[PDB]
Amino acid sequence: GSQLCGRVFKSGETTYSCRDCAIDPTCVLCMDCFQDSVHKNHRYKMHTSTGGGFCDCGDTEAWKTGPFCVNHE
């Protein structure tokens, strides 16, 4: 029983992309999902939302590995 996070970022919020696993340049995670995921042990990059955009945790098509954090698995 797996879940999509779906979090929509607030302006100024830090987001996290995994350069090892991202399928496309937009794939990103919210902090909560990132720190509960394999990708905090990978080559990751920080970004700032200007308001909106959304976490891709749970999207099996957005990630080469580790599409779910341990809360959404």
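The first residue of the sequence shown is number 1, and the count goes up from there. Superpose the two forms; the largest set of C-alphas matching within 1.5 Å is the rigid core.
Visitor: Looking at C-alpha RMS in 4 other deposited structures of this protein with the core superposed, is it 40-48 or 24-32 that drifts more?
Guide: Most displaced of the pair in 4 other deposited structures of this protein: 24-32.
Visitor: Superpose by the rigid core and compare 64-72 with 4-12; which one moves more, by C-alpha RMS, in 4 other deposited structures of this protein?
Guide: Stretch with the higher C-alpha RMS distance in 4 other deposited structures of this protein: 4-12.
Visitor: Which wins on mean Cα temperature factor, 39-47 or 26-34?
Guide: If you average the C-alpha B-factors of 39-47 and of 26-34, the larger mean comes out for 39-47.
Visitor: Taking the mean of the C-alpha B-factors per stretch from the entry, tell me the winner out of 63-71 and 1-9.
Guide: Comparing averages over the C-alpha atoms only gives 1-9.
Visitor: Select lowest, middle or highest to describe the third in which the CA B-factor of residue 58 falls within its chain in this entry.
Guide: Middle third, going by the recorded CA B-factors of the chain.
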